[PDB]
Amino acid sequence: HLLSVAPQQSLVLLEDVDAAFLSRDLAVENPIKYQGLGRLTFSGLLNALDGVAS
Amino acid sequence: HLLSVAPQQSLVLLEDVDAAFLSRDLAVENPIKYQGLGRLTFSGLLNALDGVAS
Amino acid sequence: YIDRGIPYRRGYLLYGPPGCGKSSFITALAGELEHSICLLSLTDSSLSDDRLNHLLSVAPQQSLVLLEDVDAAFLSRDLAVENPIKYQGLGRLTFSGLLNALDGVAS
Amino acid sequence: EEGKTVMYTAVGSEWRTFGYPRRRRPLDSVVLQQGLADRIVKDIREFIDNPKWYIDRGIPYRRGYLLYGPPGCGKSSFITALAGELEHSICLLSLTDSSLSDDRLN
Amino acid sequence: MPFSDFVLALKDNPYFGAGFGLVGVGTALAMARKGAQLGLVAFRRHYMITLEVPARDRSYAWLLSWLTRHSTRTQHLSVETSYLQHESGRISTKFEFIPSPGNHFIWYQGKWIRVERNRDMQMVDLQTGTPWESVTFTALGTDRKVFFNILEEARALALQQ
Amino acid sequence: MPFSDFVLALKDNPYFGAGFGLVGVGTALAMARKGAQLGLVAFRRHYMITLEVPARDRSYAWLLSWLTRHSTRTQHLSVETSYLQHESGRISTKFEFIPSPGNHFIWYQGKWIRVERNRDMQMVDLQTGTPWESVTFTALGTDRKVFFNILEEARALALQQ
Amino acid sequence: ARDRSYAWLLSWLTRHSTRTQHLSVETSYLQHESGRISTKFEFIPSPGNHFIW
Ligand SMILES: Nc1ncnc2c1ncn2[C@@H]1O[C@H](COP(=O)(O)OP(=O)(O)OP(=O)(O)O)[C@@H](O)[C@H]1O
Ligand SMILES: Nc1ncnc2c1ncn2[C@@H]1O[C@H](COP(=O)(O)OP(=O)(O)OP(=O)(O)O)[C@@H](O)[C@H]1O
Ligand SMILES: [Mg+2]
Ligand SMILES: [Mg+2]
């Protein structure tokens, strides 16, 4: 919703993306675990940045 | 309930199904653990996709 | 059943590889016997032992209580050999609760 | 409720009736090891009939039983039959509950 | 002193005579209000039949379904959207109407029942969505068999269709 | 004593005659108030049609959209901001007006429907943001087909545009 | 109700209530000296206005 209601003529800024999810060892590992605080998931982020409803 | 009240002439799209549950090593392991955020289970998804109430 | 004191209950188990026709046969049988199907999810979050007993006590008449994929509710094999049969679910259900609900004193 | 067995349950911090009074299971319908049922019934009936023997010696007037064995041998059925025989009611208790605490258990 | 002096004082004022008559008016009004309450209570107790169905019984669902079916030409309905599967194999929307809350009148068995849909009050209940909705069956008469027949017909219709 | 003495005592006071006349005034006022209620109930039951749509049905969304479109020149609207993607490829702000809560009048099929946007009462509901909003269709008449036609037109327009 | 005096005074009011006819029931299990326990019907004056002498 937030990516769908951004004000016109604006640059959405996702700063320090690498801190959102585990990487390297866990990237090779099957799950891309979410090392955050809320209810955001890697697949959700992928679909939000470029998916069907983008 | 959601799969039973889907609007007519519509495609239900479960994108990135692999992230819902563990896989491979854990698939060989006895439990198919749900690595999600909610209260969904593998048996629940299997029954919803094709079960008795589908 | 009554003349010999046996509880008037019965249960059935259908096991096999996936895609062989367990759920379809259950639906066909429920249609044939003019019964209804009571879908009960063991691995729910709001299901407790007292709630399970109450639900199994107020099931509609001429109905088939359907516990599908029973093996997913509790751990097995290694944990079955292990002292506790851990409940790999979300609610507050235990193995002894299910055992007593299926066949106990208040069943 | 006579001719049937009432089964209570833990509702909050009180015992409340659970469902309707179940029909009694005849005692002879449960076949245990030879003479075991007679021994248990004799013990429990003797305990019930003699409270003075406990009071005159200061022993607390309580008694507890344990039935252990492989599943499918007749423990729960025998308990139901004994409750029917003694015309008592059954107060089901689930130790592994979520609302159960020490004070609530007491 | 309070007895003799006041009576002379009250008799001195001609407005007391109008005022004392107004005391009779006030007592009569209080008596009139009390008479209404006792009369209503007696009438309800002796000549009316009442059956309330809470939201915690399956009888509530059965009776609601039977009321939705047998609603005559009631013009205080509320909509209910559902998907109906035709025998052709496809599913189309089903516009089903259920009587909206209010006072509805039926003519079952030659009587005039006053079925009424009690609405949500405090959004507290159990085993449901917690609306605490109810229906009250009120009618003029003394026999209880009307409501029993209604309940049996509701169960039969639930087992029907 | 209570019968004979009071009759003389009341007759002694001429204000009782004025007071007893006032008793008839109170009785008539209570009867007039009750007469209004029965008349209103009978008129609503016999000559008016009511259709309530809660917010728990998709019919609510369809009917709300149809009301927003077909509102004639209603001057009790409320704003609703959204972004419209033009065919040119860019997106600009879109100002859409939805009838604000209140009593609104339409002239669909020669009648005068009295649509009313029910407002939030206790902020409790399910399957939504919990505002418990509803719409009531009130019109004078006995036929029910007008509301069904409205619902079908709403579904068609939802499938349209 | 936050003082032990409340409990003591409630007990004394239940005991010395004269012939108050606005009581409320209170069920408790009483152990008889014979070794058995039977139901005990104890009445506590229901909330309202009561008068003592
Ligand atoms: N014996 C059979 N006869 C006809 N169709 C069958 C049979 N076995 C399986 N099918 C088909 O397989 C599909 C699903 O079967 P079903 O759900 O019964 O299998 P299952 O693996 O036992 O299910 P579940 O995962 O619910 O336990 C349906 O399309 C059904 O028609
Ligand atoms: N001695 C017996 N006589 C008659 N029926 C018996 C006997 N032992 C077992 N059964 C039958 O076995 C079934 C279940 O028995 P029961 O519940 O007592 O077994 P259990 O293994 O002791 O139980 P639980 O799992 O509650 O500990 C019933 O159908 C009962 O009739
Ligand atoms: Mg199957
Ligand atoms: Mg047993």
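Quick note: numbers on chain C are straight from Swiss-Prot, i.e. 215-321, in order.
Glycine is treated like the rest: Cβ placed from N, Cα and C.
If you take the C-beta of C:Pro232 (ATP binding site) and look for same-chain residues 6 or more apart in sequence within under 8 angstroms, you find none. C:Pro232 (ATP binding site) falls within neither a helix nor a strand when secondary structure is assigned with DSSP, and so counts as coil. Positions annotated as ATP binding site by Swiss-Prot: C:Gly230, C:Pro231, C:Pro232, C:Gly233, C:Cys234, C:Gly235, C:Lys236, C:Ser237.
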Residue among the binding-site residues C:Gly233, C:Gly235 whose Cβ has the most other Cβ atoms within 10 Å: C:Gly235
For C:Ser237 (ATP binding site): DSSP state (helix, strand, coil): helix
Listed binding-site residues adjacent to ligand 3, that is, members of C:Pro231, C:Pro232, C:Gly233, C:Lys236, C:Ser237 whose C-beta is under 6 A away: C:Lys236, C:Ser237
Other CB atoms within 10 A, centred on C:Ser237 (ATP binding site): 19
